[PDB]
Each structure stands twice: as C-alpha cells, then as structure tokens.
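Chemist: This is the structure I have questions about; it appears just below.
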Amino acid sequence: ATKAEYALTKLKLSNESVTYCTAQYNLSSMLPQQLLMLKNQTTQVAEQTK
Amino acid sequence: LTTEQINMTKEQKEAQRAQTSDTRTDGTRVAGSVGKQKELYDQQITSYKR
C-alpha cells in the first residue's frame with residue numbers, strides 16, 4: 001500500500017507541471033487579449049451614450 | 001456602426017423638423033423634397049383663387 005501510494009505521489013507531479021504551463025499560457029496570452037476586448041467595449045458604451 | 005447611426009438620427013430629425021418649422025437646426029431654410037412640396041401647394045392655392 002505504501003509503494004502504491006508512493007507511485008501516486010510520484011505521478012502527481014505531471015498534473016502540477018501541466019497546470020503551471022496552463023497558468024503561464026493564460027497570463028501570457030489570454031489576459032492581455034481580454035484587456036483589448038474590454039477596451040473596445042468601453043468605447044462602444046460611450047458611442048451608445050452619444 | 002453606432003457612429004454611422006448618429007448621422008442618420010440627425011438627418012431624420014431634420015425631416016421631422018421640416019414640419020412645424022421652415023428652418024433646419026443650423027437655421028438654413030429647408031429646400032429639399034419637402035421644400036419643393038410646399039411650393040407646389042402655394043401655386044395650387046393661387047390657382048384655386050385664380
């Protein structure tokens with residue numbers, strides 16, 4: 001049982017590694033793109049106000 | 001597209017202002033289709049009197 005649990009902990013490193021890469025991709029690509037989306041929406045609100 | 005609708009709203013306002021008023025928002029006399037239509041009435045009014 002301890003040996004089986006050791007393998008589970010050892011294999012768990014893969015999920016943590018891909019999670020870090022997934023989070024890194026979101027910060028580098030998704031977040032800046034969403035900022036551009038919000039800016040365009042902000043301008044549209046002013047035009048609708050006009 | 002919202003910016004383009006600004007001009008259409010202004011122009012449709014002038015069509016509404018053609019009634020109950022002989023001058024546009026800027027103050028110039030209306031001379032378009034409605035202006036020509038009014039002139040026809042003036043000739044017809046004189047024609048009936050004549």
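Chain labels follow the order of the structure tokens: the first chain is A, the next B, and so on; residue numbering restarts at 1 in every chain, and ligands are counted from 1 in their shown order.
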Show me, as a list in words, the residues of chain A whose atoms get within 12 Å of chain B, using only C-alpha atoms for the distance check.
Modeler: residues 43, 44, 45, 46, 47, 48, 49 and 50 of chain A
Chemist: Keeping N, CA, C and O atoms, export the residues of the selection given above as a PDB file, in the first residue's frame.
Modeler:
```
ATOM      1  N   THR A  43     -15.311  51.749 -25.270  1.00  0.00           N
ATOM      2  CA  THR A  43     -15.573  52.759 -26.289  1.00  0.00           C
ATOM      3  C   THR A  43     -16.991  52.654 -26.834  1.00  0.00           C
ATOM      4  O   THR A  43     -17.620  53.679 -27.122  1.00  0.00           O
ATOM      5  N   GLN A  44     -17.507  51.432 -26.982  1.00  0.00           N
ATOM      6  CA  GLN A  44     -18.853  51.253 -27.518  1.00  0.00           C
ATOM      7  C   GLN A  44     -19.904  51.852 -26.593  1.00  0.00           C
ATOM      8  O   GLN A  44     -20.916  52.389 -27.060  1.00  0.00           O
ATOM      9  N   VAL A  45     -19.684  51.771 -25.278  1.00  0.00           N
ATOM     10  CA  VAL A  45     -20.639  52.329 -24.326  1.00  0.00           C
ATOM     11  C   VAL A  45     -20.759  53.835 -24.513  1.00  0.00           C
ATOM     12  O   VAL A  45     -21.863  54.394 -24.486  1.00  0.00           O
ATOM     13  N   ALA A  46     -19.628  54.517 -24.705  1.00  0.00           N
ATOM     14  CA  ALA A  46     -19.662  55.959 -24.924  1.00  0.00           C
ATOM     15  C   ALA A  46     -20.414  56.305 -26.204  1.00  0.00           C
ATOM     16  O   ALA A  46     -21.184  57.271 -26.237  1.00  0.00           O
ATOM     17  N   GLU A  47     -20.200  55.529 -27.269  1.00  0.00           N
ATOM     18  CA  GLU A  47     -20.899  55.787 -28.524  1.00  0.00           C
ATOM     19  C   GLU A  47     -22.403  55.593 -28.371  1.00  0.00           C
ATOM     20  O   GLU A  47     -23.194  56.383 -28.898  1.00  0.00           O
ATOM     21  N   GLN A  48     -22.816  54.545 -27.655  1.00  0.00           N
ATOM     22  CA  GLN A  48     -24.237  54.358 -27.385  1.00  0.00           C
ATOM     23  C   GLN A  48     -24.787  55.489 -26.528  1.00  0.00           C
ATOM     24  O   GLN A  48     -25.948  55.883 -26.688  1.00  0.00           O
ATOM     25  N   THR A  49     -23.972  56.019 -25.612  1.00  0.00           N
ATOM     26  CA  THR A  49     -24.377  57.197 -24.854  1.00  0.00           C
ATOM     27  C   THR A  49     -24.586  58.391 -25.776  1.00  0.00           C
ATOM     28  O   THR A  49     -25.545  59.155 -25.610  1.00  0.00           O
ATOM     29  N   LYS A  50     -23.700  58.566 -26.759  1.00  0.00           N
ATOM     30  CA  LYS A  50     -23.868  59.641 -27.731  1.00  0.00           C
ATOM     31  C   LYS A  50     -25.138  59.449 -28.549  1.00  0.00           C
ATOM     32  O   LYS A  50     -25.842  60.419 -28.854  1.00  0.00           O
TER      33      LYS A  50
END
```
Chemist: Return as a ChimeraX atom specification the full set of residues in chain B whose backbone-based DSSP assignment is helix (DSSP H, G or I).
Modeler: /B:2-18,33-49
Chemist: Using Å and a single decimal, report how far CA of residue 26 in chain A sits from CA of residue 9 in chain A.
Modeler: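 Atom-to-atom, CA of residue 9 in chain A and CA of residue 26 in chain A are spaced 26.2 Å apart.
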Chemist: I want to know what sits within 12 Å of residue 10 in chain B, based on only C-alpha atoms, with residues of the same chain fewer than 5 positions away left out; could you give that as a count of residues only?
Modeler: 10
Chemist: So how far away is CA of residue 8 in chain B from CA of residue 32 in chain B, in Å?
Modeler: 16.2 Å
Chemist: From the set B:21, B:12, B:7, B:47, which residue has the shortest atom-to-atom contact distance to residue 35 in chain B, counting only C-alpha atoms?
Modeler: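 Looking only at the distances to residue 35 in chain B, the closest residue turns out to be B:21.
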Chemist: Expressed in Å to a single decimal, how great is the separation between CA of residue 38 in chain B and CA of residue 50 in chain B?
Modeler: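 Atom-to-atom, CA of residue 38 in chain B to CA of residue 50 in chain B, that is 18.4 Å.
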